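Comments concern the structure below.
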Amino acid sequence: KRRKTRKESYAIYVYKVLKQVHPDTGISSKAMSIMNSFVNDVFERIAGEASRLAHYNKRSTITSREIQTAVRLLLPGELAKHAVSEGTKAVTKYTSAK
Amino acid sequence: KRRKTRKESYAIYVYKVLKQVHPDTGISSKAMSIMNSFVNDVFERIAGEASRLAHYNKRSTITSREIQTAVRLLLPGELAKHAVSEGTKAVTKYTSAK
Amino acid sequence: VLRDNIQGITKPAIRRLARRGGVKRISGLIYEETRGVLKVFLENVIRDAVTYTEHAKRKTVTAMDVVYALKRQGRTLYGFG
Amino acid sequence: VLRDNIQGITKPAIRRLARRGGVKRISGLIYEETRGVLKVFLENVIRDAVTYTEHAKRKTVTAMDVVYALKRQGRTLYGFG
Amino acid sequence: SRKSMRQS
Amino acid sequence: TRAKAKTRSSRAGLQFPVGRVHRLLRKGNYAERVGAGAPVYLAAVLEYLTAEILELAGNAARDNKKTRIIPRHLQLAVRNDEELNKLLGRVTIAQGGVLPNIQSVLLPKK
Amino acid sequence: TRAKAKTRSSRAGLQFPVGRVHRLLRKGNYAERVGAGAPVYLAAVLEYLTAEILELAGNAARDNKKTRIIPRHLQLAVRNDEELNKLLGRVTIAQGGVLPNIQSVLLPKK
Amino acid sequence: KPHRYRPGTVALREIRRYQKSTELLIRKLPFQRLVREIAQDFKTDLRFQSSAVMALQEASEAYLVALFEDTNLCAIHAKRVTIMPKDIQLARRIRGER
Amino acid sequence: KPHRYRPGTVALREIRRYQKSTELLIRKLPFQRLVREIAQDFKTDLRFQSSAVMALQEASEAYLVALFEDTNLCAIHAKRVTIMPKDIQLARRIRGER
């Protein structure tokens, strides 16, 4: 009766986004694992780019603009601009709330 | 009037190593800059690999073993084994002294 | 001790791999070259994976070790963690 | 405003670059393709460099920005810091 | 319920 | 008394976890300090990318008369989109297969 | 009275700065803690690689009747050593040029 | 009298079938034996997880499929429809592997 | 009768000369103008350091030389001694830039 350890994953958030974009559509376990790995890889890429951006400018804080510059560097064009728009909108809403 | 802010480089250490290996051979400014950039690049590579190794194993400290594994993963063939031997010799001597 | 296992990649398997790659006609000498290339690739990936496993003080090569080995060679693989 | 500077990469320059690359005979249509490829490469590298410069709130593109842009694209350059 | 302007 | 707990994702209007992203950034050996808006911005970017890939994969699944996304649909969605293909150019999707592409020279001379 | 200062590089018999490498490791956002022997090992590895490249570049310079190493000598040393070429495969050396390689098919027929 | 397809219809049919399909094309047991034989030279008494061998097979098949695509392109470039070992060598040389 | 070298001796001589030399092969001012014209599309009133332009020229020449080596290899594969745009396209497609 040894309970397995807690393994964190983005499965629930990916499922919520899928239900937002496709209500009557499911996802298999392998596809969910692939999406989780994609999220982890993109997270690592953007975080590393922001970290080296901060190091280059001799800054000790990763801020919104560092993440924005990382997104602009790593994403191909229209994806980058739409991601920047979504990020700025989310940050503005969060700041407006509290 | 005011001295420029000091910029740390590996020039003197590369020069000492060159005098050890070639007592009569000099080095140009561009070659010294290339050597400094090479040292910085290799240092960044090894440190990043060691950091990833520590993160994968849920460790908080980078030790001689982590750097050694990074060296084995990054240097090809005889370079890796020779670097391993030199580094283990250096660490053994350092621990033997104090 | 295993030996002569590179021959386990049979001619029909290489032909299927070429067909998935869009190859229509295959020379008879393709198979040995493909076996050698696959052996080199597997040697590199397995060497990196075994290095990762040895650093972990494990005696079992895990899927995460293979994933990290592939990612180090610029061949990130999804679907295994 | 600068315009039509891609023609500044003259035919003898492309010929010299090919000779350094070991090319013995060059077709006449090679020059336009080489100019287009060079334009695309410079566009990518300059875009990354300008992004780095803008993040630093600077108006001067520095050598370090170019080095970082090249490193991000897997084309590390030695001799410029 | 969610649509992206990238695909128009 | 203490106020009712509200998740940062709810404040940002995002589905991805702002708190988990912030904790990963703090414990990822990226920088000494992490700003308040960085996890929000990164969660928004991740959610947008997930939405794009999931929308394209759902379109592919509907084309294949399926109501469940499999790795093949993800591979088709990634490789059929130019920008997504560039983003995941060096990424292999397990059980994803390949896109149908036969060179014209190999086709029969009809 | 405190003991006379002795550099960590001298203890390990190395010419590269062990203390500077330790400081860069601590302030490089790589891990929460850095071991004592890690900077020693990294300095030894860097010194060995530098010694190899400098020896090969000096040999090239002596073969070119020069007493000062120039970028051309470094490029020749890197591209002539198989393992060093593999290590610096995606690295461009400024003012290094290229090797004198002419394909055999392009050579004149005797 | 027996029905026979011309030399190339079945090749195109197989190309279509295997580009539609997504299952692995190499037998599991021979590939596992090859993996164990290769790993024997690196460390003895090694054990492998099933997921590790599956990931290795997926990576190897993807790499081989991409290499065969490049080889087909090389063969077409030489005014041929048959892939030859020189095509594979040229593809690997342009990629930067040999 | 004036002396004339056959069509290919001078080409080989130029190959040897430019493989022995290390100086940049593109004129500095036209390349600087091209860089500035390209950068005009990304941000107005941009200034450039001399070292930045020198590094850009070095990287561009190295990339072009490597591409020309790959193009020559592709043209030799097609049993030709003349490089053509199709060779460049094949090289860039195999490299993964198209």
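If you're wondering about the labels, chains in the structure tokens are A, B, ... by order shown, residues count from 1 in each chain, ligands from 1 in order shown.
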
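Note on identical chains: chain B superimposed on chain A gives 0.2 Å, C-alpha RMSD over every paired atom.
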
Can I have chain I aligned to chain H? Use a least-squares fit on all Cα atoms paired in order and write it out as a short mmCIF file (atom, residue, chain, number, x, y, z; two decimals) with N, CA and C atoms, in the first residue's frame.
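Writing the result to result.cif gives the following:
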```cif
data_model
loop_
_atom_site.label_atom_id
_atom_site.label_comp_id
_atom_site.auth_asym_id
_atom_site.auth_seq_id
_atom_site.Cartn_x
_atom_site.Cartn_y
_atom_site.Cartn_z
N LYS I 1 -1.04 -16.43 -68.12
CA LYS I 1 -0.03 -15.47 -67.70
C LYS I 1 -0.41 -14.82 -66.37
N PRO I 2 0.39 -15.09 -65.33
CA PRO I 2 0.10 -14.51 -64.02
C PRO I 2 0.25 -12.99 -64.03
N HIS I 3 -0.54 -12.34 -63.19
CA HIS I 3 -0.49 -10.88 -63.09
C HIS I 3 0.81 -10.44 -62.44
N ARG I 4 1.42 -9.40 -63.02
CA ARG I 4 2.66 -8.84 -62.49
C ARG I 4 2.61 -7.32 -62.64
N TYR I 5 2.74 -6.61 -61.52
CA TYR I 5 2.90 -5.17 -61.57
C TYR I 5 4.28 -4.80 -62.09
N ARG I 6 4.35 -3.66 -62.78
CA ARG I 6 5.61 -3.21 -63.34
C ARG I 6 6.57 -2.78 -62.23
N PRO I 7 7.87 -2.76 -62.51
CA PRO I 7 8.86 -2.49 -61.45
C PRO I 7 8.86 -1.04 -61.00
N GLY I 8 8.02 -0.71 -60.03
CA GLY I 8 7.92 0.64 -59.51
C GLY I 8 6.54 1.00 -59.00
N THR I 9 5.52 0.25 -59.41
CA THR I 9 4.19 0.44 -58.85
C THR I 9 4.15 -0.01 -57.39
N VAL I 10 4.69 -1.20 -57.11
CA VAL I 10 4.68 -1.73 -55.75
C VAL I 10 5.56 -0.87 -54.84
N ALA I 11 6.66 -0.35 -55.37
CA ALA I 11 7.51 0.54 -54.58
C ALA I 11 6.76 1.80 -54.16
N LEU I 12 6.02 2.40 -55.09
CA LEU I 12 5.23 3.59 -54.75
C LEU I 12 4.12 3.24 -53.77
N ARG I 13 3.50 2.07 -53.93
CA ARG I 13 2.48 1.64 -52.99
C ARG I 13 3.05 1.49 -51.59
N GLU I 14 4.25 0.90 -51.48
CA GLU I 14 4.90 0.77 -50.18
C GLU I 14 5.26 2.13 -49.60
N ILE I 15 5.73 3.05 -50.45
CA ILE I 15 6.03 4.40 -49.98
C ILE I 15 4.79 5.04 -49.38
N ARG I 16 3.66 4.96 -50.09
CA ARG I 16 2.42 5.53 -49.58
C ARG I 16 2.00 4.86 -48.28
N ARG I 17 2.08 3.53 -48.22
CA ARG I 17 1.65 2.80 -47.03
C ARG I 17 2.49 3.19 -45.81
N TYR I 18 3.81 3.25 -45.97
CA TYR I 18 4.68 3.54 -44.84
C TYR I 18 4.77 5.02 -44.51
N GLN I 19 4.35 5.90 -45.43
CA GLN I 19 4.20 7.30 -45.06
C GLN I 19 2.86 7.57 -44.39
N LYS I 20 1.85 6.75 -44.66
CA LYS I 20 0.58 6.89 -43.96
C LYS I 20 0.64 6.32 -42.55
N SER I 21 1.45 5.28 -42.34
CA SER I 21 1.51 4.59 -41.05
C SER I 21 2.51 5.28 -40.13
N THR I 22 2.40 4.97 -38.83
CA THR I 22 3.28 5.55 -37.83
C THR I 22 3.98 4.53 -36.95
N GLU I 23 3.68 3.24 -37.10
CA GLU I 23 4.31 2.23 -36.26
C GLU I 23 5.79 2.07 -36.62
N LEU I 24 6.55 1.56 -35.65
CA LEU I 24 7.97 1.32 -35.87
C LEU I 24 8.19 0.26 -36.94
N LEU I 25 9.25 0.43 -37.72
CA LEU I 25 9.52 -0.41 -38.87
C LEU I 25 10.61 -1.45 -38.62
N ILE I 26 11.37 -1.33 -37.54
CA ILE I 26 12.41 -2.30 -37.19
C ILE I 26 11.86 -3.24 -36.13
N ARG I 27 12.22 -4.52 -36.23
CA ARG I 27 11.79 -5.50 -35.24
C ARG I 27 12.35 -5.15 -33.87
N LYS I 28 11.53 -5.34 -32.84
CA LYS I 28 11.89 -4.86 -31.51
C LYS I 28 13.03 -5.68 -30.90
N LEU I 29 12.93 -7.01 -30.96
CA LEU I 29 13.95 -7.85 -30.34
C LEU I 29 15.33 -7.70 -30.98
N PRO I 30 15.48 -7.74 -32.31
CA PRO I 30 16.82 -7.50 -32.88
C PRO I 30 17.40 -6.15 -32.51
N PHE I 31 16.57 -5.11 -32.47
CA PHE I 31 17.07 -3.79 -32.10
C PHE I 31 17.50 -3.75 -30.64
N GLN I 32 16.73 -4.39 -29.76
CA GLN I 32 17.12 -4.46 -28.36
C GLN I 32 18.44 -5.20 -28.20
N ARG I 33 18.61 -6.30 -28.94
CA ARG I 33 19.86 -7.04 -28.88
C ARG I 33 21.03 -6.20 -29.37
N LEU I 34 20.83 -5.45 -30.46
CA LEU I 34 21.89 -4.57 -30.96
C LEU I 34 22.24 -3.49 -29.94
N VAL I 35 21.23 -2.90 -29.30
CA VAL I 35 21.47 -1.89 -28.28
C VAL I 35 22.28 -2.48 -27.13
N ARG I 36 21.90 -3.67 -26.67
CA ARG I 36 22.62 -4.29 -25.57
C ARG I 36 24.05 -4.64 -25.96
N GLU I 37 24.25 -5.12 -27.19
CA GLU I 37 25.59 -5.44 -27.65
C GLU I 37 26.46 -4.20 -27.71
N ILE I 38 25.91 -3.08 -28.19
CA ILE I 38 26.67 -1.84 -28.23
C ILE I 38 26.98 -1.35 -26.82
N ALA I 39 26.00 -1.43 -25.92
CA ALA I 39 26.20 -0.96 -24.55
C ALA I 39 27.17 -1.83 -23.78
N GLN I 40 27.35 -3.09 -24.19
CA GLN I 40 28.33 -3.95 -23.53
C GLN I 40 29.73 -3.35 -23.59
N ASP I 41 30.04 -2.61 -24.65
CA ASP I 41 31.36 -2.02 -24.81
C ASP I 41 31.58 -0.82 -23.91
N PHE I 42 30.53 -0.26 -23.33
CA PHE I 42 30.66 0.91 -22.47
C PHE I 42 30.59 0.59 -20.98
N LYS I 43 29.81 -0.41 -20.59
CA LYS I 43 29.72 -0.81 -19.19
C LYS I 43 29.09 -2.19 -19.12
N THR I 44 29.69 -3.07 -18.32
CA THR I 44 29.23 -4.44 -18.21
C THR I 44 28.03 -4.54 -17.28
N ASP I 45 27.21 -5.57 -17.52
CA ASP I 45 26.04 -5.86 -16.69
C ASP I 45 25.07 -4.68 -16.63
N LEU I 46 24.86 -4.04 -17.78
CA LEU I 46 23.91 -2.94 -17.86
C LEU I 46 22.49 -3.46 -18.04
N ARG I 47 21.55 -2.85 -17.33
CA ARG I 47 20.13 -3.12 -17.52
C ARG I 47 19.48 -1.96 -18.28
N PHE I 48 18.40 -2.27 -18.99
CA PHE I 48 17.70 -1.28 -19.80
C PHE I 48 16.22 -1.31 -19.47
N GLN I 49 15.64 -0.13 -19.26
CA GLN I 49 14.19 -0.01 -19.18
C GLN I 49 13.56 -0.17 -20.56
N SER I 50 12.33 -0.68 -20.58
CA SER I 50 11.62 -0.84 -21.84
C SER I 50 11.42 0.50 -22.53
N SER I 51 11.06 1.53 -21.76
CA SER I 51 10.88 2.86 -22.35
C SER I 51 12.17 3.39 -22.94
N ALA I 52 13.32 3.04 -22.35
CA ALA I 52 14.60 3.47 -22.90
C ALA I 52 14.84 2.87 -24.28
N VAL I 53 14.57 1.58 -24.42
CA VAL I 53 14.74 0.92 -25.72
C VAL I 53 13.74 1.46 -26.73
N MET I 54 12.50 1.71 -26.29
CA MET I 54 11.51 2.28 -27.20
C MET I 54 11.93 3.66 -27.69
N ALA I 55 12.44 4.50 -26.79
CA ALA I 55 12.89 5.83 -27.18
C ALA I 55 14.09 5.74 -28.12
N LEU I 56 15.02 4.83 -27.83
CA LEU I 56 16.17 4.65 -28.72
C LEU I 56 15.72 4.21 -30.11
N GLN I 57 14.77 3.29 -30.18
CA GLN I 57 14.27 2.84 -31.48
C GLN I 57 13.57 3.96 -32.22
N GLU I 58 12.77 4.76 -31.51
CA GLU I 58 12.09 5.89 -32.15
C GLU I 58 13.10 6.87 -32.72
N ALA I 59 14.10 7.24 -31.92
CA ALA I 59 15.11 8.19 -32.38
C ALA I 59 15.89 7.64 -33.56
N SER I 60 16.28 6.36 -33.50
CA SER I 60 17.06 5.77 -34.58
C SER I 60 16.25 5.71 -35.87
N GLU I 61 14.98 5.32 -35.78
CA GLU I 61 14.15 5.27 -36.98
C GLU I 61 13.92 6.66 -37.55
N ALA I 62 13.70 7.67 -36.70
CA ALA I 62 13.54 9.03 -37.21
C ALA I 62 14.81 9.51 -37.91
N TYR I 63 15.97 9.25 -37.30
CA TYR I 63 17.23 9.65 -37.90
C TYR I 63 17.45 8.95 -39.24
N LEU I 64 17.16 7.65 -39.29
CA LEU I 64 17.34 6.90 -40.53
C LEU I 64 16.38 7.38 -41.61
N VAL I 65 15.14 7.72 -41.24
CA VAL I 65 14.19 8.21 -42.23
C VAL I 65 14.63 9.56 -42.78
N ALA I 66 15.09 10.46 -41.90
CA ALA I 66 15.59 11.75 -42.37
C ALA I 66 16.80 11.58 -43.28
N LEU I 67 17.71 10.67 -42.90
CA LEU I 67 18.88 10.40 -43.73
C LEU I 67 18.47 9.84 -45.08
N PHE I 68 17.45 8.98 -45.11
CA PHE I 68 16.99 8.43 -46.38
C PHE I 68 16.31 9.48 -47.24
N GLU I 69 15.60 10.42 -46.63
CA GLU I 69 15.05 11.53 -47.41
C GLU I 69 16.16 12.37 -48.03
N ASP I 70 17.20 12.68 -47.25
CA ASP I 70 18.33 13.43 -47.80
C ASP I 70 19.04 12.63 -48.89
N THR I 71 19.19 11.32 -48.69
CA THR I 71 19.82 10.47 -49.69
C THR I 71 19.01 10.44 -50.98
N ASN I 72 17.69 10.36 -50.87
CA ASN I 72 16.84 10.39 -52.05
C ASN I 72 16.97 11.72 -52.78
N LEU I 73 17.01 12.83 -52.03
CA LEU I 73 17.20 14.13 -52.66
C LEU I 73 18.54 14.20 -53.39
N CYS I 74 19.60 13.69 -52.76
CA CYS I 74 20.92 13.69 -53.40
C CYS I 74 20.93 12.83 -54.66
N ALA I 75 20.26 11.68 -54.62
CA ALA I 75 20.21 10.80 -55.79
C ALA I 75 19.41 11.44 -56.92
N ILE I 76 18.32 12.13 -56.58
CA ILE I 76 17.56 12.86 -57.59
C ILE I 76 18.40 13.98 -58.18
N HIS I 77 19.25 14.61 -57.36
CA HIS I 77 20.13 15.66 -57.87
C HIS I 77 21.07 15.12 -58.94
N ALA I 78 21.51 13.87 -58.79
CA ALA I 78 22.39 13.24 -59.76
C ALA I 78 21.64 12.64 -60.95
N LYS I 79 20.38 13.04 -61.14
CA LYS I 79 19.53 12.53 -62.22
C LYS I 79 19.39 11.01 -62.14
N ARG I 80 19.27 10.49 -60.92
CA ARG I 80 19.04 9.08 -60.69
C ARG I 80 17.80 8.89 -59.84
N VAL I 81 17.21 7.70 -59.94
CA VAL I 81 16.11 7.28 -59.08
C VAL I 81 16.52 6.17 -58.13
N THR I 82 17.81 5.82 -58.10
CA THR I 82 18.34 4.78 -57.23
C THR I 82 19.29 5.41 -56.23
N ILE I 83 19.08 5.12 -54.95
CA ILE I 83 19.98 5.60 -53.91
C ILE I 83 21.21 4.70 -53.85
N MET I 84 22.37 5.30 -53.67
CA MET I 84 23.65 4.61 -53.62
C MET I 84 24.42 5.07 -52.39
N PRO I 85 25.41 4.30 -51.95
CA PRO I 85 26.19 4.72 -50.77
C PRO I 85 26.84 6.08 -50.92
N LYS I 86 27.21 6.47 -52.14
CA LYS I 86 27.79 7.79 -52.34
C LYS I 86 26.79 8.89 -51.99
N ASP I 87 25.50 8.65 -52.24
CA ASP I 87 24.49 9.63 -51.86
C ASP I 87 24.43 9.80 -50.35
N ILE I 88 24.47 8.68 -49.61
CA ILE I 88 24.47 8.75 -48.15
C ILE I 88 25.71 9.47 -47.65
N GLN I 89 26.87 9.18 -48.25
CA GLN I 89 28.10 9.84 -47.84
C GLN I 89 28.03 11.34 -48.09
N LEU I 90 27.49 11.75 -49.24
CA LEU I 90 27.34 13.17 -49.52
C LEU I 90 26.39 13.83 -48.54
N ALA I 91 25.27 13.17 -48.23
CA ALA I 91 24.31 13.74 -47.29
C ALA I 91 24.93 13.91 -45.91
N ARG I 92 25.66 12.90 -45.44
CA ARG I 92 26.26 12.99 -44.11
C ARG I 92 27.41 13.99 -44.09
N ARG I 93 28.09 14.19 -45.22
CA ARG I 93 29.16 15.18 -45.27
C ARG I 93 28.59 16.59 -45.26
N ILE I 94 27.49 16.82 -45.98
CA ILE I 94 26.87 18.14 -45.98
C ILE I 94 26.26 18.44 -44.62
N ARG I 95 25.63 17.44 -44.00
CA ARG I 95 25.08 17.63 -42.66
C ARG I 95 26.16 17.98 -41.65
N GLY I 96 27.36 17.45 -41.83
CA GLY I 96 28.46 17.69 -40.92
C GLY I 96 28.72 16.57 -39.94
N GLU I 97 28.49 15.32 -40.34
CA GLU I 97 28.74 14.16 -39.49
C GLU I 97 29.99 13.39 -39.88
N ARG I 98 30.64 13.76 -40.97
CA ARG I 98 31.85 13.08 -41.42
C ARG I 98 33.05 14.02 -41.40
#
```

Filtered DSSP result for segment 46-77 of chain C, state alpha helix (DSSP H), as a list in words: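 These are the residues in question: residues 46, 47, 48, 49, 50, 51, 52, 53, 54, 55, 63, 64, 65, 66, 67, 68, 69, 70, 71 and 72 of chain C.
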
Writer output for current selection, N, CA, C and O atoms, as an mmCIF file, in the first residue's frame:
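Everything below was put into out.cif:
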```cif
data_model
loop_
_atom_site.group_PDB
_atom_site.id
_atom_site.type_symbol
_atom_site.label_atom_id
_atom_site.label_comp_id
_atom_site.auth_asym_id
_atom_site.auth_seq_id
_atom_site.Cartn_x
_atom_site.Cartn_y
_atom_site.Cartn_z
ATOM 1 N N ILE C 46 24.105 5.811 -27.034
ATOM 2 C CA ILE C 46 24.227 4.883 -25.919
ATOM 3 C C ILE C 46 25.400 5.264 -25.027
ATOM 4 O O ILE C 46 25.324 5.132 -23.804
ATOM 5 N N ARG C 47 26.504 5.739 -25.611
ATOM 6 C CA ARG C 47 27.624 6.184 -24.790
ATOM 7 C C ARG C 47 27.215 7.348 -23.901
ATOM 8 O O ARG C 47 27.520 7.362 -22.701
ATOM 9 N N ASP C 48 26.500 8.324 -24.467
ATOM 10 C CA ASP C 48 26.036 9.443 -23.651
ATOM 11 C C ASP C 48 25.063 8.974 -22.573
ATOM 12 O O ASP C 48 25.133 9.424 -21.420
ATOM 13 N N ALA C 49 24.153 8.064 -22.927
ATOM 14 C CA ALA C 49 23.177 7.569 -21.961
ATOM 15 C C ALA C 49 23.851 6.810 -20.826
ATOM 16 O O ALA C 49 23.471 6.956 -19.659
ATOM 17 N N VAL C 50 24.848 5.986 -21.148
ATOM 18 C CA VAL C 50 25.567 5.243 -20.121
ATOM 19 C C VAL C 50 26.368 6.189 -19.240
ATOM 20 O O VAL C 50 26.485 5.972 -18.030
ATOM 21 N N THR C 51 26.932 7.251 -19.820
ATOM 22 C CA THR C 51 27.611 8.243 -18.994
ATOM 23 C C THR C 51 26.640 8.892 -18.014
ATOM 24 O O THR C 51 26.947 9.037 -16.822
ATOM 25 N N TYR C 52 25.454 9.268 -18.497
ATOM 26 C CA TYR C 52 24.442 9.840 -17.612
ATOM 27 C C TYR C 52 24.045 8.859 -16.515
ATOM 28 O O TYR C 52 23.902 9.244 -15.349
ATOM 29 N N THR C 53 23.852 7.588 -16.874
ATOM 30 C CA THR C 53 23.457 6.588 -15.888
ATOM 31 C C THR C 53 24.548 6.376 -14.845
ATOM 32 O O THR C 53 24.261 6.260 -13.647
ATOM 33 N N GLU C 54 25.809 6.328 -15.281
ATOM 34 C CA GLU C 54 26.917 6.140 -14.352
ATOM 35 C C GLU C 54 27.040 7.322 -13.404
ATOM 36 O O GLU C 54 27.338 7.146 -12.216
ATOM 37 N N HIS C 55 26.826 8.538 -13.911
ATOM 38 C CA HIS C 55 26.829 9.700 -13.030
ATOM 39 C C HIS C 55 25.735 9.603 -11.974
ATOM 40 O O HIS C 55 25.920 10.070 -10.844
ATOM 41 N N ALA C 63 14.738 5.800 -19.455
ATOM 42 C CA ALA C 63 14.283 6.566 -20.610
ATOM 43 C C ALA C 63 14.741 8.014 -20.519
ATOM 44 O O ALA C 63 15.055 8.640 -21.538
ATOM 45 N N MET C 64 14.785 8.563 -19.303
ATOM 46 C CA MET C 64 15.247 9.935 -19.127
ATOM 47 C C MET C 64 16.700 10.085 -19.558
ATOM 48 O O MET C 64 17.081 11.114 -20.126
ATOM 49 N N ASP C 65 17.525 9.070 -19.295
ATOM 50 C CA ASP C 65 18.916 9.123 -19.735
ATOM 51 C C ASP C 65 19.007 9.199 -21.254
ATOM 52 O O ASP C 65 19.788 9.988 -21.797
ATOM 53 N N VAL C 66 18.209 8.391 -21.955
ATOM 54 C CA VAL C 66 18.204 8.426 -23.415
ATOM 55 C C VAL C 66 17.700 9.773 -23.919
ATOM 56 O O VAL C 66 18.232 10.328 -24.889
ATOM 57 N N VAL C 67 16.667 10.320 -23.272
ATOM 58 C CA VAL C 67 16.129 11.613 -23.687
ATOM 59 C C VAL C 67 17.176 12.708 -23.523
ATOM 60 O O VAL C 67 17.359 13.552 -24.408
ATOM 61 N N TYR C 68 17.886 12.702 -22.394
ATOM 62 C CA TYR C 68 18.938 13.688 -22.171
ATOM 63 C C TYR C 68 20.075 13.514 -23.170
ATOM 64 O O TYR C 68 20.623 14.501 -23.678
ATOM 65 N N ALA C 69 20.448 12.264 -23.457
ATOM 66 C CA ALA C 69 21.498 12.003 -24.434
ATOM 67 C C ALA C 69 21.116 12.544 -25.803
ATOM 68 O O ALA C 69 21.943 13.151 -26.495
ATOM 69 N N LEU C 70 19.866 12.328 -26.213
ATOM 70 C CA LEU C 70 19.417 12.829 -27.506
ATOM 71 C C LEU C 70 19.374 14.351 -27.515
ATOM 72 O O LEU C 70 19.760 14.983 -28.506
ATOM 73 N N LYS C 71 18.909 14.956 -26.420
ATOM 74 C CA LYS C 71 18.828 16.410 -26.358
ATOM 75 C C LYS C 71 20.211 17.047 -26.398
ATOM 76 O O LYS C 71 20.373 18.138 -26.956
ATOM 77 N N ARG C 72 21.217 16.381 -25.825
ATOM 78 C CA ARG C 72 22.575 16.913 -25.886
ATOM 79 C C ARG C 72 23.088 16.970 -27.318
ATOM 80 O O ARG C 72 23.845 17.882 -27.671
#
```

Please extract the residues of chain B with a backbone DSSP assignment of strand (DSSP E) and present them as a PDB file with N, CA, C and O atoms, in the first residue's frame.
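The resulting file, states-v4.pdb, is reproduced below:
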```pdb
ATOM      1  N   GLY B  26      55.770  33.530 -29.306  1.00  0.00           N
ATOM      2  CA  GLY B  26      54.892  34.558 -28.796  1.00  0.00           C
ATOM      3  C   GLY B  26      53.456  34.368 -29.240  1.00  0.00           C
ATOM      4  O   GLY B  26      53.041  33.283 -29.663  1.00  0.00           O
ATOM      5  N   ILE B  27      52.683  35.447 -29.143  1.00  0.00           N
ATOM      6  CA  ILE B  27      51.268  35.409 -29.493  1.00  0.00           C
ATOM      7  C   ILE B  27      50.825  36.818 -29.859  1.00  0.00           C
ATOM      8  O   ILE B  27      51.286  37.802 -29.273  1.00  0.00           O
ATOM      9  N   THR B  61      24.607  20.904  -5.420  1.00  0.00           N
ATOM     10  CA  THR B  61      26.017  21.262  -5.433  1.00  0.00           C
ATOM     11  C   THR B  61      26.687  20.722  -6.686  1.00  0.00           C
ATOM     12  O   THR B  61      26.456  19.576  -7.082  1.00  0.00           O
ATOM     13  N   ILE B  62      27.516  21.557  -7.306  1.00  0.00           N
ATOM     14  CA  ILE B  62      28.390  21.133  -8.394  1.00  0.00           C
ATOM     15  C   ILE B  62      29.746  20.775  -7.799  1.00  0.00           C
ATOM     16  O   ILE B  62      30.418  21.627  -7.207  1.00  0.00           O
TER      17      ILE B  62
END
```

Chain E contacts to chain F at 9 Å (only C-alpha atoms) as a PyMOL selection string: chain E and resi 2-4+6

So that I have them on file, write out the residues from the current selection with N, CA, C and O atoms, as a PDB file, in the first residue's frame.
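This is the output file out-v5.pdb:
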```pdb
ATOM      1  N   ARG E   2     -12.756  29.459 -28.191  1.00  0.00           N
ATOM      2  CA  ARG E   2     -11.496  30.176 -28.337  1.00  0.00           C
ATOM      3  C   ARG E   2     -11.033  30.082 -29.783  1.00  0.00           C
ATOM      4  O   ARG E   2     -10.981  28.987 -30.351  1.00  0.00           O
ATOM      5  N   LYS E   3     -10.699  31.228 -30.373  1.00  0.00           N
ATOM      6  CA  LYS E   3     -10.207  31.290 -31.740  1.00  0.00           C
ATOM      7  C   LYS E   3      -8.973  32.178 -31.794  1.00  0.00           C
ATOM      8  O   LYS E   3      -8.857  33.156 -31.050  1.00  0.00           O
ATOM      9  N   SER E   4      -8.049  31.827 -32.684  1.00  0.00           N
ATOM     10  CA  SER E   4      -6.785  32.535 -32.833  1.00  0.00           C
ATOM     11  C   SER E   4      -6.792  33.353 -34.116  1.00  0.00           C
ATOM     12  O   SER E   4      -7.189  32.854 -35.175  1.00  0.00           O
ATOM     13  N   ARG E   6      -4.273  34.224 -35.796  1.00  0.00           N
ATOM     14  CA  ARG E   6      -3.233  33.807 -36.733  1.00  0.00           C
ATOM     15  C   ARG E   6      -3.817  33.034 -37.909  1.00  0.00           C
ATOM     16  O   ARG E   6      -3.388  33.216 -39.054  1.00  0.00           O
TER      17      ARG E   6
END
```

Spatial neighbours of segment 40-44 of chain G, max dist 9 Å, only C-alpha atoms, sep filter under 2 positions, as a PyMOL selection string: (chain B and resi 43+46-47+64+67-68+71+83-84+86-91+94) or (chain G and resi 8-9+12-19+21-22+36-38+46-49)

Residues of chain C within 6 Å of chain H, counting only C-alpha atoms, as an MDAnalysis selection string: chainID C and resid 2 5 8 13 17:27 30 59:63

Interface residues on chain G facing chain I, 12 Å, only C-alpha atoms, written as a PyMOL selection string: chain G and resi 64+70-73+75-76+89-109

Check: which chain D residues lie within 7 Å of chain G using only C-alpha atoms, as a list in words: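 Listed by rising number, the hits are residues 22, 24, 74, 75, 76, 77, 78 and 79 of chain D.
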
Contacts of segment 27-31 of chain F at 10 Å (only C-alpha atoms; same-chain gap of 3+ positions) as a ChimeraX atom specification: /A:44,47-52,54-55,59-62 /B:51-52,55,60 /F:21-24,34 /G:27-32

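Atom to atom, atom CA of residue 82 of chain F and atom CA of residue 41 of chain C stand 28.2 Å apart.
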
Long-range neighbours of residue 67 of chain G as a ChimeraX atom specification, 7 Å cut-off, only C-alpha atoms, 2 positions minimum in chain: /B:25-26 /G:61-62,65,69
